[PDB]
Amino acid sequence: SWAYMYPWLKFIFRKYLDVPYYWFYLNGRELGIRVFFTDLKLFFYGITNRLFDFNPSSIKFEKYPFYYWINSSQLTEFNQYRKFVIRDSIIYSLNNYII
Amino acid sequence: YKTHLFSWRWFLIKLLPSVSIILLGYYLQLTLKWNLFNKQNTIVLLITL
Amino acid sequence: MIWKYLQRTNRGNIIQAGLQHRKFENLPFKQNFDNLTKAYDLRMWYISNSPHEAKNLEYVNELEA
Amino acid sequence: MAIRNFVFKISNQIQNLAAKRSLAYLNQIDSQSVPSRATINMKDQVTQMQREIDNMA
Amino acid sequence: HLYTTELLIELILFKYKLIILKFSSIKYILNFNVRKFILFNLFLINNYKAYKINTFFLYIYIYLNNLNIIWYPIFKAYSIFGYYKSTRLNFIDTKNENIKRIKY
Amino acid sequence: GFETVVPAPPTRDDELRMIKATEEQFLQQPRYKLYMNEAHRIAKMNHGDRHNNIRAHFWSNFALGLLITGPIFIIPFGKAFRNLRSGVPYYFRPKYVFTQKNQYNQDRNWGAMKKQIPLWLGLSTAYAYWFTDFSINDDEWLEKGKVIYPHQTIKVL
Amino acid sequence: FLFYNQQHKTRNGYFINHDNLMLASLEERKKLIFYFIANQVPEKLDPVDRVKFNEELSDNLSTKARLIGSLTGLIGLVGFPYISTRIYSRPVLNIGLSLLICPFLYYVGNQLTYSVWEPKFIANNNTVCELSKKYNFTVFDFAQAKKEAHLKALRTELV
Amino acid sequence: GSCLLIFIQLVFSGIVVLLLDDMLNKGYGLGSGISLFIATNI
Amino acid sequence: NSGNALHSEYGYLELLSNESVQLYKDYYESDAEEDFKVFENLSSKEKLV
Amino acid sequence: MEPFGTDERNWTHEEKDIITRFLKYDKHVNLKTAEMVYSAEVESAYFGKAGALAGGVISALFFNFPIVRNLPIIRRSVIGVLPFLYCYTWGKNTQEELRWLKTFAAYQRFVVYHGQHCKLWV
Amino acid sequence: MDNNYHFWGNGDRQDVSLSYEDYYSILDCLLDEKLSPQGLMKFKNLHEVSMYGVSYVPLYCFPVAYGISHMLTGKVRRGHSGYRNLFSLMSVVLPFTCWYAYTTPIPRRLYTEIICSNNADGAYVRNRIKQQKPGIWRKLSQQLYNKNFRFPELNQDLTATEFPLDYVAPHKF
Amino acid sequence: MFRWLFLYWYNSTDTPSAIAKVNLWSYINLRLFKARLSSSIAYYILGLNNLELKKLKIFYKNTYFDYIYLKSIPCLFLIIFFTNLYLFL
């Protein structure tokens, strides 16, 4: 029954497969065990902060319809997907339906 | 971009009955040492359902 | 100097450990998992280190129980 | 009443332990008379220390 | 007062300690001071033995120590008797059936 | 990202000086360093040197780590195999093979070693990776892969 | 150490470096740079501005520190005779004890009043802000002033 | 090395730091020699 | 009220070593192979033992 | 078009209704998508009524069950109405789930139709 | 402390903290054409560090999952004999511990350089997260404001003349 | 309890003939557990009259970690010295 979860297995190890040989001098990096120990320390820090430090709140606006369908404006810099302009129009129309 | 990654939370909620029957089967086999057939029919019927 | 606490091995690391008598003094009035495990460990250690066969076989039967 | 009884059981065990710590040297309840020796050992050390000072002088 | 008097006390103790150091080594002084500090720490620990709060902390420590007692069974088909027979090597030679006893 | 002045193609004297510099730099390669002739060779060699430097430091720290992890961690860890959680001294629990632990503390010492040697090596490796410095070879922007030519290293005449 | 004099290291903003400026605001960076330059390299300022800054620093940090150190040293002179009896007097010993105590208390008090009042003087003084706006030093000016201050300290050690 | 890094922390460059570090080392050595001579005398 | 012993406590504890030595002498007074001159003077470790 | 992620807000009832009525009646929507939403509406409606009716029948039987029939009126009523509540909830939930799954399929078809999803192209 | 504070995959306590789930979701809403070659380099270094990290996280969580699975079975260690129950409970519990780990933010220099950089790449990334990932940006804006970062894209911006685009969670002014 | 087969099979009185004369076959008397060798090498040479049993025992098995650590200090210091020598030269 665990069988159909193989895409995660490919997601983890294919990235290891696409690492070239060290002496081909593409980047000249071997960061396996270094990252192992560094991430062990980093996870200690992260868990400690999550338990005994400031934690961002998860409260949000959960009643207003389509509140988080944010359309482009000077507050978003217009660097989005090109064809999302249609979406903006839709959002505009929706926000005029709920006044 | 077709990674075909499925959510682990949904998978975990999917996994409950199989682990349940595994644990119930182990309890049934361990308690067979000091239990009778009619007293274990509860576990057998639960695993069947 | 340095060899006193770097080369001179501690006594406990060499000799066999003795029975911890603190853990068998005040036992709960129950046949619980703790007491049963204590009895099992006592008899297993005895049969592992005793040259006496009658007590060893008695402890073997009690260990099966 | 159950909460008070549980609290008193904990208090009773704590007080028994506290009296055992501060009076173990008097009795031979502990096997091999260990803690008593320890306290006696302490006295020896103390005595030695004072004698040491005098000897230095 | 209470400052010049303490300075005089420190100076007198300093003169005595100089006399001590003149007829002694650094190693001996270090050993004596370390032993005295160990004695002082033991004295403090003994002094705070009968306190209910310290005893409660020690009781919690003891209770957490003996909380997790684990049983290790023998999961081979030989079980207890096979293991028992495996532990007989040192005592086989001290048994009557191993005594030299020639038929003829 | 400006550009520099491109000199005119070299004359025969400049070509001869370049050839002399290249051959002199060729003569400097130790015979035990097996790097093939290529554009990146010198760069690779430099990289290799730095890598080797790091390697030495690492191993020193590794050895040092072993020492520092001897009495501080692993021996006190082995103090935990004297008695079980029930207070009874350590005894052998066999998995499949009923080995005869006839010697004095064969079972206790072997279990302690089985759980201490991996711990010793792991703590030593952690110490080595924590305390050695990889800064000399680290290149965040990968700017050190540029091709260096042998005639640029040596000045002739 | 005993060989050199290090009373200038932790006083008069000598400890300000680029780390103090990287995180500062533009106005705060200007104030810090001006304070360091005025305390360490007064030659970069006009003489009138030098006089104004010296007057503003003296009544707040320099002379106040001197007075606080003097008071703390006087605290250590409750009894000047110290060790003294009718049979024997110890003038040299008492002088040595005074020269060992009073300078120490002076140093402690001076360092304390610099540790308390210098940040507030830098951050909450109108003269410093006005002169910083008047001069408007840059990071290059701060780098040059840092070099000049280190070289002047080296020269003073040499002489 | 350590003195080089210390003096580079203050506004300086590696080439300029060498001369100042040499001067400071010479001064410290002279002070140490003077202290040794004073100890020998007294 | 304290783990530190008093003079009254130490008076009882000082008798323990001599009492143990005398118990050994009383149990083994028949043995002609037993030498008590070793018990005549003891060190701190021997007294604790 | 919708934000994606764990921290994002799930579709609310008002948003689902607005999207359903958008897909049903708006232009810019091909006939196939609208037909999908219509077929969602037609087939889902059976399950709410079926669940309510089956719960009513089962509760009528349960009100006279061998132990329930001899309970005091308050306990008897609660135990009798439990099957009705369970089956009514099942019917309503199944209707909502079927209708919304088909409607969300239609919404995905509309989004792909007008190219309103990044990392999706022919 | 450590001798490798220069490493880009390293970080201190007060660096920007992003969980692996947040990092992957953020990657899902960006385009490489809009980033300068330096920003692409930052993202590639982060990619290699993060691929190693996501490989290693289950190894980090394995001791805790092992202990919890042992405590669920009971107080009996049937080594080589309770492996079936132990590893069924492991295949259940290790995903839960990895869930807690992967939802835990971890600080990194690359995290604090990608988000908080003052050049055009940082503004692009911040605005892209602000618009396409409103919840991720809600948490991230709270974290950045708590760390004395002052950006226009933050919801907690007292100098702005436009109203915030999300709910501003309570915080100490 | 036997360690050697020649002692085990020399004079055995628990044979099936006798045990059948009593007809009480206890489980603890299984022949699977009666004899077991010492797990230390033991071969035979020719002595002066007969075979002589020689035991080949090379190393102990009860070594603890402290012995390993103390016997490794010179090797670790040699590694440190060689690495520092390589760095300097």
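Going by the header, the method for this PDB entry is cryo-EM, and the resolution given is 3.02 Å.

Asks: Describe the overall build of chain F, naming the residues involved and giving the relevant values.
Replies: When helices and strands are tallied, chain F shows 5 helices and 0 strands. Ordered by position in the sequence, the α and β elements of chain F form the string α-α-α-α-α. Whereas a compact globule of 157 residues would reach a radius of gyration of roughly 15 Å, chain F reaches 29 Å, over 25% beyond that. Every one of the 157 residues in chain F was classed for burial, and the buried ones make up 40%. Put simply, 69% of the contacts in chain F that link residues at least 6 apart link residues at least 24 apart. Here chain F carries 21 positive and 14 negative side-chain charges, and the mean point of each set is 21 Å from the other.

Asks: Provide a residue-level description of the overall build of chain J, including the pertinent values.
Replies: Within chain J, the regular secondary structure consists of 3 helices and 0 strands. Computed over C-alpha atoms, the radius of gyration of chain J comes to 21 Å, more than 25% over the 14 Å expected from 2.2 N^0.38 for 122 residues, which places it beyond the range of a compact globule. In terms of its C-alpha atoms, chain J occupies a principal-axis envelope of roughly 65 × 35 × 20 Å. Excluding contacts between residues fewer than 6 apart, the proportion of contacts in chain J whose partners are at least 24 apart in sequence is 67%. One way to put it: in chain J the 15 positive side-chain charges average out to a point 9 Å from where the 12 negative ones average out.

Asks: Can you explain the arrangement of the chains? Please cite residues and give values.
Replies: For the 22 pairs of chains in contact, the largest share of contacts goes to chains A and K. Separated without contact, chain I and chain J have their nearest C-alpha atoms at a distance of 59 Å. In this assembly chain I lies apart from chain K, the nearest approach of their C-alpha atoms being 37 Å.

Asks: Give a description of the interface of chain D and chain I that names residues and reports values.
Replies: The partner chain I presents 12 residues to the 12 residues of chain D that form the contact. In this assembly, chain D packs against chain I so that about 1,200 Å² is buried in total across both faces, 60% of it on carbon and sulfur atoms. Along the contact surface separating chain D from chain I lie 0 salt bridges. The interface formed by chain D and chain I contains 4 residue pairs in polar contact. For the side of chain D that touches chain I, the element with the highest residue contribution is helix α2 (residues 34-56) of chain D, accounting for 8 residues.

Asks: Quick rundown of the interface of chain A and chain K? Include the residues and the values.
Replies: Taken residue by residue, the interface counts 49 residues in chain A and 56 residues in chain K. Summed over both partners, the interface of chain A with chain K comes to about 4,900 Å²; 60% of that surface belongs to carbon and sulfur atoms. We note a salt bridge from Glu48(K) to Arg29(A), for which the minimum N-O separation is 2.5 Å. Put simply, chain A and chain K have 21 residue pairs in polar contact between them.

Asks: Describe the pairing of strand β2 (residues 51-56) of chain L, and please don't skip the residues or the numbers.
Replies: Residue and element names in this part refer to chain L. In the sheet, strand β1 (residues 41-46) pairs with β2 via 6 bridges, with the strands oriented antiparallel. Directly across from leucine 46, in β2, lies its bridge partner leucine 51. Turn length for the β1-β2 hairpin, with the two strands adjacent in sequence and antiparallel, is 4 residues.

Asks: Requested: an account of the pattern of salt bridges, with residues and values cited.
Replies: Within this structure, the stated rule accounts for 35 salt bridges over all chains. For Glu43(G), the salt bridge identified is with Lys152(G), shortest N-O distance 3.7 Å. One end of the pair, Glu43(G), is in the loop between α2 (26-40) and α3 (47-75); the other, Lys152(G), is in helix α6 (residues 139-158), and 109 residues separate them in sequence. Note on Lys152(G): relative accessible area 23%, which makes it partly exposed. Put simply, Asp49(G) and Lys134(G) hold a salt bridge, and the shortest N to O gap is 2.6 Å. Placement of the pair is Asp49(G) in helix α3 and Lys134(G) in helix α5 (residues 126-135), with a sequence separation of 85 residues. By relative accessible area, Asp49(G) is classed as buried at 7%. Looking at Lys134(G), the relative accessible area reads 45%, which means it is partly exposed. Look at the salt bridges and you will find they share partners, linking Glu53(C), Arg88(E) and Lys95(E) into a network.

Asks: Please give an account of the packing of aromatic side chains that cites residues and values.
Replies: Following the criterion strictly, the structure yields 83 aromatic pairs over all chains and no others. Summarising the aromatic geometry, the rings of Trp8(B) and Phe11(B) are spaced 5.6 Å apart at their centres and angled 80° between planes, so their arrangement reads as edge-to-face. On the criterion of helical spacing, the pair formed by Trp8(B) and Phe11(B) is a turn pair, its members being 3 residues apart in helix α1 (residues 8-14). Classification of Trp8(B) as partly exposed rests on a relative accessible area of 28%. Under the relative-accessibility criterion, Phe11(B) is labelled buried at 0%. Seen from their ring centres, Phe7(K) and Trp8(K) are 4.7 Å apart, and the 45° between their planes marks the pair as tilted. Both residues of the pair, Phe7(K) and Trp8(K), count as buried. The ring centre of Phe84(A) lies 5.3 Å from the NZ or CZ of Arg87(A), which sits over that ring. The ring of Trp117(G) has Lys120(G) lying over it, and the distance from NZ or CZ to the ring centre is 4.8 Å.

Asks: Please provide a residue-by-residue account of the environment of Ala50(E), values included.
Replies: Relative to the assigned elements, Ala50(E) resides in the loop between α2 (26-47) and α3 (52-65). Not counting the four nearest positions on each side in its chain, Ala50(E) is found in contact with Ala18(D), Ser22(D), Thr55(E), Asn1(I) and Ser2(I).

Asks: Would you mind going over the state of the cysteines in detail, with residue names and values included?
Replies: All names here are of chain K. By the definition in use, this model includes 0 disulfides over all chains. The thiol sulfur of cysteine 61 is not disulfide-bonded, and the nearest other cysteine sulfur, from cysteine 98, lies at 4.2 Å. The exposure class of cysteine 61 is buried, given its relative accessible area of 7%.

Asks: Describe the environment of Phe34(G), naming the residues involved and giving the relevant values.
Replies: Residues and elements named next belong to chain G. Mapping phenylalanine 34 onto the fold places it in helix α2. Looking at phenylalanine 34, the relative accessible area reads 0%, which means it is buried. Residues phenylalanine 34 and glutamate 56 lie 22 residues apart in sequence; the distance between their C-alpha atoms is 14 Å. Ignoring any residue separated from it by four or fewer positions in sequence, one finds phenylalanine 34 in contact with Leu45, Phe53, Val128, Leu131, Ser132, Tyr135 and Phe137.

Asks: So what about helix α4 (residues 79-86) of chain E? Which residues, and what values?
Replies: Across the 8 residues that make up α4(E), a large majority, 7, are buried. Those residues of α4(E) that are buried lie in contact with α1 (33-49) and α2 (53-64) of chain C.

Asks: Tell me about the UniProt feature "transmembrane region" (unreviewed entry) in chain F, and please be specific about residues and values.
Replies: The positions that UniProt labels "transmembrane region" (unreviewed entry) are, in the present scheme, residues 58-77 of chain F. From the first C-alpha to the last, residues 58-77 of chain F spans 25 Å; its make-up is 95% helix and 0% strand.

Asks: Could you give an account of the UniProt feature "transmembrane region" (unreviewed entry) in chain J, with specific residues and numbers?
Replies: This chain's UniProt record puts "transmembrane region" (unreviewed entry) on residues 46-67 of chain J. In residues 46-67 of chain J, helix accounts for 77% and strand for 0%; the two terminal C-alpha atoms are 33 Å from one another.

Asks: How would you summarise the packing of helix α2 (residues 41-68) of chain F against helix α3 (residues 70-78) of chain F if you had to cite specific residues and measurements?
Replies: Residue and element names in this part refer to chain F. Relative to each other, α2 and α3 sit at 50°, their axes nearing to 5 Å. By the criterion of interaxial angle, the relationship of α2 to α3 is oblique. Between α2 and α3, the contacting residues are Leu66, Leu67 and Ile68 on the first element and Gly70, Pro71 and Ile72 on the second. A class-by-class count of the residues in the contact of α2 with α3 yields 5 nonpolar, 1 polar and no charged.

Rules behind the numbers
- Residues numbered from 1 in each chain as written, not as in the entry; some residues may be left out.
- Chains lettered and ligands numbered in written order.
- Part of a larger assembly, values for the part shown.
- Heavy atoms only, no water.
- Residues with missing side-chain atoms left out of burial classes, pairs and counts.
- Helix = DSSP H or I, 4+ residues; strand = E, 2+ residues; numbered from the N terminus.
- Rg over C-alpha atoms; globule rule 2.2 N^0.38 Å.
- Buried < 20%, exposed > 50% of the residue type's maximum accessible area, 1.4 Å probe, protein only.
- Contact = heavy atoms within 4.5 Å.
- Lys, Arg positive; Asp, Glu negative; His and termini not counted.
- Charge placed at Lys NZ, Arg CZ, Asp CG, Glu CD.
- Buried area = accessible area lost by both parts, 1.4 Å probe.
- Salt bridge = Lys/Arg side-chain N within 4 Å of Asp/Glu carboxyl O.
- Polar contact = N/O pair within 3.5 Å; in protein donor to acceptor, adjacent residues only side chain to side chain.
- Pairing = 2+ DSSP bridges.
- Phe/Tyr/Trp six-rings, centres within 6.5 Å; stacked < 30°, edge-to-face > 60°.
- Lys NZ or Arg CZ within 6 Å of the ring centre and 35° of its normal.
- Disulfide = S-S within 2.5 Å.
- UniProt positions renumbered as here; feature names shortened; annotations may be inferred.
- Axes fitted to C-alpha atoms, helices over the stretch in contact; angles between N-to-C directions.
- Parallel < 35°, antiparallel > 145°, perpendicular 65-115°, else oblique.
- Nonpolar A, V, L, I, M, F, W, Y, C, P; charged D, E, K, R; others polar.

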